[PDB]
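S.K.: Got a structure for you, written out below as structure tokens; questions coming shortly.
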Number of protein chains: 4
Amino acid sequence: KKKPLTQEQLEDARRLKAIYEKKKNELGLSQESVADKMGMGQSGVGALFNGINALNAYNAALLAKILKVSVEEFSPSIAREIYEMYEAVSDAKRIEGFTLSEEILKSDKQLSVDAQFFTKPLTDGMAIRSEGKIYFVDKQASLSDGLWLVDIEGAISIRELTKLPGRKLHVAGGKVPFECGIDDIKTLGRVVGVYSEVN
Amino acid sequence: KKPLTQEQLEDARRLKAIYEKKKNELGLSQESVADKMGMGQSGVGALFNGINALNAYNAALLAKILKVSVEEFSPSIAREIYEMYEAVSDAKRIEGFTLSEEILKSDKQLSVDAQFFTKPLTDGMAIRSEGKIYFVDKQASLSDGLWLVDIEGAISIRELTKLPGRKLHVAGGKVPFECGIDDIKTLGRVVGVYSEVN
Amino acid sequence: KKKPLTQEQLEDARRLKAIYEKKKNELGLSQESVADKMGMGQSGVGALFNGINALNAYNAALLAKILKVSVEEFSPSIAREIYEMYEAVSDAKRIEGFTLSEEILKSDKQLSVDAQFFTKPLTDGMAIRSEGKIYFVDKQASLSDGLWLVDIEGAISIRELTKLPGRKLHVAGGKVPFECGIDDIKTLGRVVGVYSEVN
Amino acid sequence: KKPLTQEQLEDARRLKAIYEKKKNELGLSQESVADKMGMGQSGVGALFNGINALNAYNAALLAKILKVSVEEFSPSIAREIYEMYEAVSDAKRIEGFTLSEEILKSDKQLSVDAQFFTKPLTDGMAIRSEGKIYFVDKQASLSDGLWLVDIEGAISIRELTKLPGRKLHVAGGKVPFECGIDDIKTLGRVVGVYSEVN
DNA sequence: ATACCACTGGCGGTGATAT
DNA sequence: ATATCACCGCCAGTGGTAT
DNA sequence: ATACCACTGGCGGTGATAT
DNA sequence: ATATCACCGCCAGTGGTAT
């Protein structure tokens with residue numbers, strides 16, 4: 001028959017068409033050049049772009065790969081569907097990502113990590129990439145001796161802490177270890193896992 | 001028309017067996033699963049007995065009702081569900097293994113984001129040994145580094161160092177030793193390692 | 001008056017126009033959007049693109065920066081002029097660049113280095129980037145004890161060599177030092193300078 | 001019309017002085033330089049006396065005839081010649097300095113490719129000390145690392161380590177010492193070092 | 001050999017039309 | 001949003017010249 | 001509670017026109 | 001090189017049913 005595209009598919013097509021017309025020259029693609037990649041004809045490509053045929057998860061997956069974008073960039077609904085379907089194979093956790101350069105923390109792309117990486121249910125957590133390593137930080141953990149993502153007077157660095165009597169601390173990890181009170185250091189989270197490449 | 005592909009009925013074989021063997025624990029009938037899928041009882045029976053094949057949606061939906069991963073009853077479908085998960089949050093699914101007592105045993109396929117590796121990992125392995133996760137490039141050129149090797153049937157992580165004369169310097173044990181290139185079967189090179197604390 | 005664009009300027013304009021029409025959407029630019037960046041009007045922009053006004057070194061420099069390309073990509077003549085003019089300030093040497101990953105050497109972008117970096121006239125030289133460092137290699141140097149870019153049975157690595165009696169060698173730099181004959185190692189050049197970032 | 005900008009005649013002041021003071025060594029007259037530039041003697045006299053200003057071409061051309069860098073007689077022109085050299089082989093011109101006896105002295109401006117620095121270097125310095133080249137980020141946030149510092153008039157390379165209480169751990173001498181942040185003037189942070197062998 | 005003198009060719013634009 | 005049209009200021013150079 | 005039976009709605013295309 | 005036009009196979013599901 002003919003179904004009229006329930007107006008989220010219609011607006012998804014508009015973003016998809018807009019995200020293609022401005023990047024076809026960037027990638028040297030045409031509607032037939034995309035038709036061959038999907039195993040279709042040019043008639044089928046224009047239907048998806050001009051909001052005549054409703055695209056599915058498979059087509060959205062390939063269309064995102066052809067344009068090297070995310071389905072979120074043109075269809076946030078299916079990306080929710082993709083994440084929901086991926087909860088069946090393995091509950092990979094979408095951890096917000098950060099970068100630590102010059103002791104400065106900046107938000108970055110969210111990071112996908114399987115729940116098997118962690119021995120505890122990391123609900124509020126971060127993923128900081130620094131010095132060729134990725135540090136997985138538990139934002140809600142009790143203060144104890146261990147590896148912590150701390151802040152010392154406007155500088156963020158990974159340091160190993162050791163509680164001392166008299167409400168003092170021992171900070172290790174920097175080029176020079178030192179001691180100070182527990183309130184001289186702001187704790188942003190406890191490091192629970194470290195990933196690194198060949199060193 | 002009922003031309004189900006040989007594996008599409010093979011998908012139904014495991015799916016049907018999982019349903020009846022586990023419906024006692026979950027206490028659900030076919031029409032109860034039908035309600036949770038927005039379907040009738042007639043729609044669910046087709047999938048179980050091999051009348052109608054499974055798509056990506058209801059196969060993952062059934063994998064949430066039954067506490068079973070979709071790869072357990074349909075490896076082909078779970079492969080394509082991942083291939084859709086590369087479009088959003090482009091993680092890279094890697095076959096999982098465990099290394100205990102120099103024996104490599106298969107494990108659950110792991111979900112790893114592509115931002116872990118500087119070099120793209122086409123054929124990769126994830127091995128869980130000594131409480132850590134070792135990521136291995138199955139097809140990697142022989143370079144001095146950490147390698148998952150096979151020494152006369154024993155699987156172990158060793159540090160390979162190439163020496164002139166097609167020799168190797170295997171390290172990792174109490175005392176390192178030297179041998180030829182062909183004396184060891186190098187499964188792949190370790191590119192990343194992950195471990196927890198406490 | 002009116003000068004007819006001596007046919008290298010004409011063909012330079014064709015490449016410039018071609019390199020702009022396929023990247024204006026990639027950069028969100030129009031002829032007026034480029035006119036404001038150069039301090040001109042849209043009429044002046046079209047003259048350069050359509051081969052009516054001959055562009056100079058200054059305009060080519062800005063046009064290359066606006067499109068984030070090199071003048072070589074659309075006007076190899078002026079890039080020669082730019083290099084010739086830059087020989088007046090400081091004779092920066094255009095050294096061919098290489099990358100060394102997994103003990104595999106691959107050609108890369110040519111590297112610009114001032115002649116003050118070297119104490120000798122490095123005519124035939126390489127620049128290899130590896131392990132966060134840039135190694136400047138003299139391809140024509142006498143064999144002697146020092147840092148060399150060698151090849152050992154199909155693997156390229158930076159190793160420190162030491163000549164030994166009996167036509168033997170000592171190779172250092174790898175994870176395991178070893179000894180072998182001088183003919184068991186192929187020498188591709190002698191390292192004369194090393195640059196590195198914060199380590 | 002003869003409206004030469006104040007510096008454009010200042011360009012001619014140094015250029016004219018360089019020509020006459022060095023024409024004895026090179027043994028060339030104005031018409032001889034005119035021949036090498038595709039010009040007449042009348043065209044060269046305008047540039048020397050300040051009648052016609054210099055563009056990028058003949059200023060660099062004159063910098064090749066006279067064995068003098070164009071920055072010596074025209075800093076403004078050499079700046080724009082570099083700004084054209086960023087379009088092809090995008091090197092980054094950095095002000096050069098030498099560090100001898102704790103005294104920072106200016107030197108020739110260095111030509112460095114942008115592929116040396118992970119982070120773009122807007123305001124940078126190149127310092128030649130102890131036979132090596134230290135690249136310094138003039139405007140860099142205070143982070144634990146190697147810094148070009150000024151300690152009561154003395155210029156030196158030191159390893160700064162921040163300590164709680166707005167303190168510093170200065171290292172590099174026989175014995176390190178501690179002081180406050182404001183006790184030292186940090187000119188900039190060292191991001192790259194180059195050295196030769198033999 | 002070199003520093004003035006008008007004189008001027010063409011470089012590098014402008015500013016309004018379409019379409 | 002681009003292309004093609006006259007139109008042109010105005011420093012670049014020129015020759016010719018008296019030092 | 002569950003496995004057959006036709007029957008069929010609409011999903012996801014095709015294939016030729018312009019322009 | 002794109003847009004809009006009919007046209008439609010054909011597995012997806014449906015209800016109804018006898019276990």
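Chain labels A, B, ... are given in the sequence in which chains occur in the structure tokens; within each chain residues are numbered consecutively from 1, and ligands are likewise numbered from 1 in the order shown.
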Just need the residues of chain D within 9 Å of chain E, counting only C-alpha atoms (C1' of nucleotides), so spit them out as a ChimeraX atom specification.

M.R.: /D:29-31,41-42,45-46,49

S.K.: For the residues in the current selection, export C-alpha atoms as a compact mmCIF listing (two decimals), in the first residue's frame.

M.R.:
```txt
# COMPACT_ATOMS: atom_id res chain seq x y z
CA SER D 29 76.79 48.89 -8.51
CA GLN D 30 73.13 49.91 -8.62
CA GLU D 31 72.83 49.01 -12.31
CA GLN D 41 69.05 51.60 -12.39
CA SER D 42 66.16 54.04 -11.96
CA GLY D 45 67.24 53.94 -6.68
CA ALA D 46 63.57 54.41 -5.78
CA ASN D 49 66.09 56.30 -1.15
```

S.K.: Going by DSSP on the backbone, which bits of chain B are helix (DSSP H, G or I)? Write them as a VMD selection string, please.

M.R.: chain B and resid 6 to 26 30 to 36 41 to 49 56 to 65 70 to 73 75 to 85 114 to 116 181 to 183

S.K.: Chain B near chain C within 10 Å: what's each residue's closest atom pair and its distance in Å to one decimal, counting only C-alpha atoms, ordered by chain then ascending residue number, as JSON lines?

M.R.:
```
{"residue": "B:119", "atom": "CA", "partner": "C:101", "partner_atom": "CA", "distance": 10.0}
{"residue": "B:140", "atom": "CA", "partner": "C:102", "partner_atom": "CA", "distance": 8.8}
{"residue": "B:141", "atom": "CA", "partner": "C:102", "partner_atom": "CA", "distance": 7.3}
{"residue": "B:142", "atom": "CA", "partner": "C:102", "partner_atom": "CA", "distance": 8.0}
{"residue": "B:143", "atom": "CA", "partner": "C:102", "partner_atom": "CA", "distance": 5.7}
{"residue": "B:144", "atom": "CA", "partner": "C:175", "partner_atom": "CA", "distance": 7.9}
{"residue": "B:145", "atom": "CA", "partner": "C:175", "partner_atom": "CA", "distance": 8.7}
{"residue": "B:159", "atom": "CA", "partner": "C:175", "partner_atom": "CA", "distance": 9.2}
{"residue": "B:160", "atom": "CA", "partner": "C:175", "partner_atom": "CA", "distance": 9.1}
{"residue": "B:161", "atom": "CA", "partner": "C:175", "partner_atom": "CA", "distance": 6.7}
{"residue": "B:162", "atom": "CA", "partner": "C:176", "partner_atom": "CA", "distance": 8.6}
{"residue": "B:163", "atom": "CA", "partner": "C:178", "partner_atom": "CA", "distance": 7.5}
{"residue": "B:164", "atom": "CA", "partner": "C:152", "partner_atom": "CA", "distance": 6.7}
{"residue": "B:165", "atom": "CA", "partner": "C:153", "partner_atom": "CA", "distance": 8.0}
{"residue": "B:166", "atom": "CA", "partner": "C:153", "partner_atom": "CA", "distance": 7.6}
{"residue": "B:169", "atom": "CA", "partner": "C:176", "partner_atom": "CA", "distance": 7.7}
{"residue": "B:171", "atom": "CA", "partner": "C:176", "partner_atom": "CA", "distance": 10.0}
```

S.K.: Just write the chosen residues, N, CA, C and O atoms, as a PDB file, in the first residue's frame.

M.R.:
```pdb
ATOM      1  N   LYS B 119      45.386   1.990  16.189  1.00  0.00           N
ATOM      2  CA  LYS B 119      45.244   1.282  14.924  1.00  0.00           C
ATOM      3  C   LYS B 119      43.931   0.502  14.901  1.00  0.00           C
ATOM      4  O   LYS B 119      43.587  -0.161  15.886  1.00  0.00           O
ATOM      5  N   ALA B 140      48.494  -9.520  12.912  1.00  0.00           N
ATOM      6  CA  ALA B 140      49.481  -8.481  13.162  1.00  0.00           C
ATOM      7  C   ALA B 140      50.843  -8.958  12.685  1.00  0.00           C
ATOM      8  O   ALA B 140      51.216 -10.114  12.906  1.00  0.00           O
ATOM      9  N   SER B 141      51.580  -8.066  12.032  1.00  0.00           N
ATOM     10  CA  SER B 141      52.929  -8.384  11.591  1.00  0.00           C
ATOM     11  C   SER B 141      53.837  -8.627  12.792  1.00  0.00           C
ATOM     12  O   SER B 141      53.684  -8.009  13.850  1.00  0.00           O
ATOM     13  N   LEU B 142      54.793  -9.536  12.618  1.00  0.00           N
ATOM     14  CA  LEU B 142      55.671  -9.947  13.712  1.00  0.00           C
ATOM     15  C   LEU B 142      56.599  -8.794  14.072  1.00  0.00           C
ATOM     16  O   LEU B 142      57.559  -8.501  13.358  1.00  0.00           O
ATOM     17  N   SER B 143      56.307  -8.134  15.191  1.00  0.00           N
ATOM     18  CA  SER B 143      57.127  -7.049  15.704  1.00  0.00           C
ATOM     19  C   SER B 143      57.432  -7.305  17.173  1.00  0.00           C
ATOM     20  O   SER B 143      56.657  -7.957  17.879  1.00  0.00           O
ATOM     21  N   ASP B 144      58.577  -6.795  17.622  1.00  0.00           N
ATOM     22  CA  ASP B 144      58.994  -6.981  19.006  1.00  0.00           C
ATOM     23  C   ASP B 144      57.958  -6.392  19.953  1.00  0.00           C
ATOM     24  O   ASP B 144      57.735  -5.177  19.966  1.00  0.00           O
ATOM     25  N   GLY B 145      57.327  -7.253  20.739  1.00  0.00           N
ATOM     26  CA  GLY B 145      56.308  -6.797  21.662  1.00  0.00           C
ATOM     27  C   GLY B 145      55.707  -7.953  22.425  1.00  0.00           C
ATOM     28  O   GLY B 145      56.307  -9.025  22.534  1.00  0.00           O
ATOM     29  N   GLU B 159      56.704 -12.087  25.845  1.00  0.00           N
ATOM     30  CA  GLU B 159      57.317 -10.911  25.239  1.00  0.00           C
ATOM     31  C   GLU B 159      58.320 -11.383  24.193  1.00  0.00           C
ATOM     32  O   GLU B 159      59.404 -11.866  24.535  1.00  0.00           O
ATOM     33  N   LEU B 160      57.958 -11.242  22.920  1.00  0.00           N
ATOM     34  CA  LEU B 160      58.790 -11.718  21.824  1.00  0.00           C
ATOM     35  C   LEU B 160      59.760 -10.628  21.389  1.00  0.00           C
ATOM     36  O   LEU B 160      59.365  -9.475  21.189  1.00  0.00           O
ATOM     37  N   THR B 161      61.030 -10.999  21.245  1.00  0.00           N
ATOM     38  CA  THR B 161      62.069 -10.100  20.762  1.00  0.00           C
ATOM     39  C   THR B 161      62.795 -10.784  19.616  1.00  0.00           C
ATOM     40  O   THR B 161      63.425 -11.829  19.814  1.00  0.00           O
ATOM     41  N   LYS B 162      62.704 -10.203  18.423  1.00  0.00           N
ATOM     42  CA  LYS B 162      63.310 -10.814  17.250  1.00  0.00           C
ATOM     43  C   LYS B 162      64.828 -10.685  17.296  1.00  0.00           C
ATOM     44  O   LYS B 162      65.371  -9.656  17.707  1.00  0.00           O
ATOM     45  N   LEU B 163      65.509 -11.742  16.867  1.00  0.00           N
ATOM     46  CA  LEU B 163      66.959 -11.813  16.824  1.00  0.00           C
ATOM     47  C   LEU B 163      67.404 -12.229  15.432  1.00  0.00           C
ATOM     48  O   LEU B 163      66.658 -12.905  14.715  1.00  0.00           O
ATOM     49  N   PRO B 164      68.609 -11.833  15.016  1.00  0.00           N
ATOM     50  CA  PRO B 164      69.075 -12.194  13.671  1.00  0.00           C
ATOM     51  C   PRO B 164      69.213 -13.700  13.514  1.00  0.00           C
ATOM     52  O   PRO B 164      69.492 -14.427  14.470  1.00  0.00           O
ATOM     53  N   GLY B 165      69.014 -14.165  12.285  1.00  0.00           N
ATOM     54  CA  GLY B 165      68.984 -15.587  12.014  1.00  0.00           C
ATOM     55  C   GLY B 165      67.624 -16.225  12.151  1.00  0.00           C
ATOM     56  O   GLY B 165      67.548 -17.435  12.392  1.00  0.00           O
ATOM     57  N   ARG B 166      66.549 -15.451  12.008  1.00  0.00           N
ATOM     58  CA  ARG B 166      65.181 -15.932  12.196  1.00  0.00           C
ATOM     59  C   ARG B 166      65.011 -16.574  13.571  1.00  0.00           C
ATOM     60  O   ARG B 166      64.427 -17.648  13.722  1.00  0.00           O
ATOM     61  N   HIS B 169      63.527 -14.256  21.074  1.00  0.00           N
ATOM     62  CA  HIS B 169      63.902 -14.188  22.485  1.00  0.00           C
ATOM     63  C   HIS B 169      62.603 -14.168  23.286  1.00  0.00           C
ATOM     64  O   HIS B 169      62.025 -13.105  23.526  1.00  0.00           O
ATOM     65  N   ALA B 171      60.330 -14.285  26.473  1.00  0.00           N
ATOM     66  CA  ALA B 171      60.466 -13.873  27.861  1.00  0.00           C
ATOM     67  C   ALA B 171      59.102 -13.892  28.536  1.00  0.00           C
ATOM     68  O   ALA B 171      58.059 -13.789  27.886  1.00  0.00           O
TER      69      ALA B 171
END
```

S.K.: Would you mind listing, as a ChimeraX atom specification, all residues of chain A that have at least one atom within 12 Å of chain H, where only C-alpha atoms (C1' of nucleotides) are what counts?

M.R.: /A:1-2,21,24,29-33,42-52

S.K.: How far is it from atom CA of residue A:151 to atom CA of residue A:187, in Å with one decimal?

M.R.: 6.3 Å

S.K.: Please, what distance in Å, to one decimal, runs between atom CA of residue D:175 and atom CA of residue D:99?

M.R.: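 Atom-to-atom, atom CA of residue D:175 and atom CA of residue D:99 are spaced 21.1 Å apart.
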
S.K.: Please, which residues of chain B lie no more than 12 Å from chain H when the count uses only C-alpha atoms (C1' of nucleotides), and can they be set out as a VMD selection string?

M.R.: chain B and resid 1 to 4 38 to 47 51 to 55 58

S.K.: If you keep N, CA and C atoms, can you produce a file of those selected residues as a compact mmCIF listing (two decimals), in the first residue's frame?

M.R.:
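The resulting result.txt:
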```txt
# COMPACT_ATOMS: atom_id res chain seq x y z
N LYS B 1 4.36 -19.74 0.65
CA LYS B 1 5.82 -19.62 0.70
C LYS B 1 6.34 -19.84 2.12
N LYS B 2 7.20 -20.84 2.29
CA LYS B 2 7.91 -21.02 3.55
C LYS B 2 9.38 -21.36 3.33
N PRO B 3 10.15 -20.54 2.59
CA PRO B 3 11.58 -20.86 2.36
C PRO B 3 12.51 -20.27 3.42
N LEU B 4 12.47 -20.83 4.62
CA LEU B 4 13.40 -20.40 5.66
C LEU B 4 14.79 -20.95 5.38
N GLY B 38 3.56 -7.15 21.87
CA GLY B 38 2.54 -6.55 21.03
C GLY B 38 2.05 -7.47 19.94
N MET B 39 1.98 -8.77 20.21
CA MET B 39 1.60 -9.78 19.23
C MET B 39 0.55 -10.70 19.83
N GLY B 40 -0.01 -11.55 18.97
CA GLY B 40 -0.87 -12.63 19.43
C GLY B 40 -0.10 -13.92 19.61
N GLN B 41 -0.77 -14.91 20.19
CA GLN B 41 -0.14 -16.21 20.39
C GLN B 41 0.22 -16.86 19.06
N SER B 42 -0.58 -16.60 18.02
CA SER B 42 -0.27 -17.15 16.70
C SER B 42 1.02 -16.57 16.14
N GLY B 43 1.34 -15.32 16.48
CA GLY B 43 2.57 -14.72 15.98
C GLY B 43 3.82 -15.27 16.62
N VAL B 44 3.73 -15.72 17.87
CA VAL B 44 4.90 -16.25 18.56
C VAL B 44 5.17 -17.69 18.16
N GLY B 45 4.12 -18.48 17.91
CA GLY B 45 4.31 -19.86 17.52
C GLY B 45 5.04 -20.02 16.20
N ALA B 46 4.85 -19.07 15.28
CA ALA B 46 5.55 -19.13 14.01
C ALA B 46 7.06 -19.01 14.20
N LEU B 47 7.50 -18.15 15.12
CA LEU B 47 8.93 -17.98 15.35
C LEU B 47 9.54 -19.20 16.03
N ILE B 51 8.16 -21.20 11.33
CA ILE B 51 7.27 -20.77 10.25
C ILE B 51 7.62 -19.37 9.76
N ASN B 52 7.90 -18.46 10.69
CA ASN B 52 8.32 -17.10 10.36
C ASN B 52 9.69 -16.84 10.97
N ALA B 53 10.58 -16.24 10.18
CA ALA B 53 11.93 -15.97 10.63
C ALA B 53 11.95 -14.76 11.57
N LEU B 54 13.08 -14.60 12.25
CA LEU B 54 13.27 -13.52 13.22
C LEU B 54 14.01 -12.36 12.57
N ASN B 55 13.54 -11.15 12.84
CA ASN B 55 14.25 -9.94 12.47
C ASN B 55 15.08 -9.46 13.67
N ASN B 58 12.35 -8.29 17.20
CA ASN B 58 11.73 -9.26 18.09
C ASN B 58 12.71 -10.32 18.58
```

S.K.: Report as a PyMOL selection string all protein, DNA and RNA residues lying within 6 Å of stretch 133-138 of chain A, evaluated on only C-alpha atoms (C1' of nucleotides), omitting residues in the same chain fewer than 6 positions from it.

M.R.: chain A and resi 125-127+189-196

S.K.: Looking at only C-alpha atoms, which of C:140, C:162, C:199, C:112 is the one that sits closest to chain A?

M.R.: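 Residue with the minimum atom-to-atom distance to chain A: C:199.
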